[PDB]
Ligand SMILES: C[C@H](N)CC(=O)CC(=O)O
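Consider the single chain below, provided in structure tokens and representing the form deposited without this ligand.
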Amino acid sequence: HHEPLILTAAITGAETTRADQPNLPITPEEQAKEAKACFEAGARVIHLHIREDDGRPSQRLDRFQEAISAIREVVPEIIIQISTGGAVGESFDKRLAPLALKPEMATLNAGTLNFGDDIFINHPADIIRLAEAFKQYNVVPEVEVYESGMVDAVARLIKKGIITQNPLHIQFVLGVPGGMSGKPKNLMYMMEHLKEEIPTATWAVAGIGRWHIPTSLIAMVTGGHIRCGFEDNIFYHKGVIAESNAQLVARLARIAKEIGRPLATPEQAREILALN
């Protein structure tokens, strides 16, 4: 718990509505304002989904460029990580295309799983073509794993030379209905499983909904990094809607200050994530 802590803010996502979370940033300007407040509260990475002005999820490259430019202009030092997951059911071609904008980092979903009432599909041949696109556009991946078997699947892609990023950054996404939950036994199992299978990988955790607090506090004291935000959780407390993404980031920064864990500077975040 003395190693620097990287906080990611997943500020928008594909499914959160403005009716449930009135402070949900939808436009590039709203997303830039939120990103500045999150950076000042301690966030070093923004996990970015884009929306049309009507709130529907978007995959348009011009809209992604608009949001990336707006965020970059308010906080040049923040790391802008784009989502290649998008909205469940979106075509894989549309999910892959924004890598052509050459972001510093982007997500790489490592498997298929039932996801609420639907299926989040990542066909093995599509995972390989996405992994190949990361190499061609020189984008560093954040590999998203929702279950134990996805760690093994990623290890096999490393062994075959399909994923060559080293060190590799994994994010455990815990709490999806259909995926592994965020209970402490599970996060401890996952970090130890990852250490066995991909020994040099670094990791972060996203705890959906009620799992935000248990995943965050374990990650605090096990060297992991943490994601928070409206994409994953709109509540500050049970039954109490959050005021902003920055409010969620600031609580994690306050707990890190209480326990003496320093927040990573932008330079340290880029060094840990091998973005230089």
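One-based numbering along the sequence shown.
The same protein has a further form, the form solved in complex with this ligand, not shown here; the description that follows concerns it.
*Asks:* Of the options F115, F92, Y137, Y189, which one has a non-hydrogen atom that comes within 4.5 Å of this ligand in the entry with it bound?
*Replies:* Selected option: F115.
*Asks:* Check each of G175, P103, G111, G85 and return the one that places a heavy atom within 4.5 angstroms of this ligand in the entry with it bound.
*Replies:* For this set of options, the contacting one is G85.
*Asks:* For the three residues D20, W211 and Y236, verify that every one has a non-hydrogen atom within 4.5 Å of this ligand in the entry with it bound; reply yes or no.
*Replies:* Verified in the entry with it bound; spot residues all out of contact, no.
*Asks:* I'd like to know whether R44 contacts this ligand in the entry with it bound, with contact meaning heavy atoms within 4.5 angstroms.
*Replies:* Contact with this ligand, no.
*Asks:* Contact between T202 and this ligand in the entry with it bound at 4.5 Å, heavy atoms?
*Replies:* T202: no, not in contact with this ligand in the entry with it bound.
*Asks:* Give a yes or no for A14: in the entry with it bound, does one of its heavy atoms lie within 4.5 Å of a heavy atom belonging to this ligand?
*Replies:* Within the cut-off, so yes.
*Asks:* Closest heavy atom of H49 to this ligand in the entry with it bound, within 4.5 Å or not?
*Replies:* Yes, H49 is a contact residue.
*Asks:* Quick one: find which of 150-158, 179-187, 115-123, 192-200 has residues within 4.5 Å of this ligand in the entry with it bound by heavy atom distance.
*Replies:* One stretch meets the cut-off, namely 115-123.
*Asks:* Suppose contact means any heavy atom within 4.5 Å; which members of 132-161 contact this ligand in the entry with it bound?
*Replies:* Those in contact are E144, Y146.
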